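Visitor: Here it is, the structure, as structure tokens.
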Amino acid sequence: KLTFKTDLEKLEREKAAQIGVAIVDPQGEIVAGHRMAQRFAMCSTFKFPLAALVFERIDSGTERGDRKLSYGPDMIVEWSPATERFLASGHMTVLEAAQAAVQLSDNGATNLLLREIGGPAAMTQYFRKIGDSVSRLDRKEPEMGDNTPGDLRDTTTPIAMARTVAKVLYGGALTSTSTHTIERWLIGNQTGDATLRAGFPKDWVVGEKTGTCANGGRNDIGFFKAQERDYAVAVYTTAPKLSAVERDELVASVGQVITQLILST
Numbered sequence: 021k022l023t024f025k026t027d028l029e030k031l032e033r034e035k036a037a038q039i040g041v042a043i044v045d046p047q048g049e050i051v052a053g054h055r056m057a058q059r060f061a062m063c064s065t066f067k068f069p070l071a072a073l074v075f076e077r078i079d080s081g082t083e084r085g086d087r088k089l090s091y092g093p094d095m096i097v098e099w100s101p102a103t104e105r106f107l108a109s110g111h112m113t114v115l116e117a118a119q120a121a122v123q124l125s126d127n128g129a130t131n132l133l134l135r136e137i138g139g140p141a142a143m144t145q146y147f148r149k150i151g152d153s154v155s156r157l158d159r160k161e162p163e164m165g166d167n168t169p170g171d172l173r174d175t176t177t178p179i180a181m182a183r184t185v186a187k188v189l190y191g192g193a194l195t196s197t198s199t200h201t202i203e204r205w206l207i208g209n210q211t212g213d214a215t216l217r218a219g220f221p222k223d224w225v226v227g228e229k230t231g232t233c234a235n236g237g238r239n240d241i242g243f244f245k246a247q248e249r250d251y252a253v254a255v256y257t258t259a260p261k262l263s264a265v266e267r268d269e270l271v272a273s274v275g276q277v278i279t280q281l282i283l284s285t
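21 is the number of the first residue of the sequence shown in the entry's author numbering; add one for each residue after it.
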């Protein structure tokens, strides 16, 4: 823990980075953090809470998971791998889109869901409903990831987002069935193999959602189980000078710092 602070500050100094971290227990009590209340662009990490919103609607009966969402070529935006494959068929279901958003970071799928649920305003309203007064979605993809220096649009803080993760996975925000499904989606995420989970012990159960945005943003949020201890984690980083591979390695390095702290308990 001053090993934790010290090691993160050395990474910041050496990589010319800012590293925001919060680790909380299942009830949201603080385990560790660093720059934990500094705002960072969310970029694709918001797709996890978006999926949670969708599952809340499914739980409540105001959405159906197998409902077909129709679209054309105008919905294809940069990095829409599933949406592009399903384009000729003319639709994705709510659940197909949500799973693609979480596991592939599919932007088109994300925007399909945004239009169904009420846009950025409704995403922000869900954050407020589950006790998160900080996280805000202002735009759809891909402009939400512009990350213009100083802009508070489309931001969160590590602590706010870690607490949101814990509410969704551990705090009863979703039914048991929906909670389990989203947990499995996070475990099976296809975009995180080089980021946080690359820095955790291989026996920990880990699920996460990555983000990449302009001006150096590289993020990863999710959960881990170190044997029986469950945690929620949010990592937001800004490293304008690094290459993309170096930013992945940065986040994996944060995972190793986290791991030293957890192992010490």
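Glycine is no exception: its CB is placed at the ideal position from the N, C-alpha and C atoms.
1) Report yes if the C-beta distance between residue 83 and residue 50 is below 9 angstroms; otherwise report no.
2) Shorter than 9 angstroms from the beta carbon of residue 83 to some beta carbon of chain C?
3) Can you check the stretch 83-171 for any beta strand (DSSP E) of at least 3 residues that lies completely inside it and give the ranges in chain order?
4) Alpha carbon to alpha carbon, how far is residue 97 from residue 285?
5) So residue 70 packs on residue 102, CB below 8 angstroms; how close in whole Å?
6) Please go through the stretch 21-94 and give each complete alpha helix (DSSP H) segment of 4 or more residues, from N-terminal end onward.
7) Starting from residue 182, follow the beta strand (DSSP E) in both directions and report where the run begins and ends.
8) Residue 228 bridges to which residues according to DSSP?
9) Answer with buried or exposed for residue 182, where buried requires no fewer than 16 other C-beta atoms within 10 angstroms of its C-beta.
10) Would you mind stating whether residue 225 and residue 207 have Cβ atoms separated by less than 9 angstroms?
11) From residue 195 to residue 66, what does the alpha carbon distance come to, in whole angstroms?
12) Below 7 angstroms CB to CB, which residues in the same chain sit around residue 53 once its five sequence neighbours on both sides are set aside?
13) Have a look at the DSSP bridge pairing and note the partners of residue 274.
Guide: Answer, in terms of the structure:
1) Translated into positions along the sequence shown, residue 83 becomes position 63. Translated into positions along the sequence shown, residue 50 becomes position 30. Their beta carbons are not under 9 angstroms apart, which means residue 83 does not touch residue 50 by this criterion.
2) Chain labels in this structure do not include chain C; a single protein chain is all it has.
3) 88-90 and 111-113
4) The count along the sequence shown starts at 1 and reaches residue 97 at position 77. The count along the sequence shown starts at 1 and reaches residue 285 at position 265. Rounded to the nearest angstrom, the two C-alpha atoms are 45 angstroms apart.
5) Here residue 70 corresponds to residue number 50 of the sequence shown, with the count starting at 1. Here residue 102 corresponds to residue number 82 of the sequence shown, with the count starting at 1. That pair is no contact at about 15 angstroms.
6) 22-35 and 67-80
7) The residue you call residue 182 lines up with position 162 of the sequence shown. Careful: residue 182 lies outside any beta strand (DSSP E), inside the alpha helix (DSSP H) at 178-189.
8) Your numbering for residue 228 matches position 208 in the sequence shown. Bridge partners of residue 228: 242.
9) As a first step, residue 182 must be located in the sequence shown, where it is residue number 162. Buried, because 16 or more other Cβ atoms sit within 10 Å of the Cβ of residue 182.
10) As a position in the sequence shown, residue 225 is number 205, starting the count at 1. As a position in the sequence shown, residue 207 is number 187, starting the count at 1. The answer is yes: Cβ separation under 9 angstroms.
11) For the purposes of this step, residue 195 is taken as the residue at position 175 of the sequence shown. For the purposes of this step, residue 66 is taken as the residue at position 46 of the sequence shown. If you take the alpha carbons of residue 195 and residue 66, they lie about 20 angstroms apart.
12) Residue numbering aside, residue 53 sits at position 33 when the sequence shown is read from its first letter. Excluding sequence neighbours, residue 53 sits near 41, 42, 43, 178 and 179.
13) Indexing the sequence shown from 1 puts residue 274 at position 254. Partner(s): none; residue 274 has no beta bridge.
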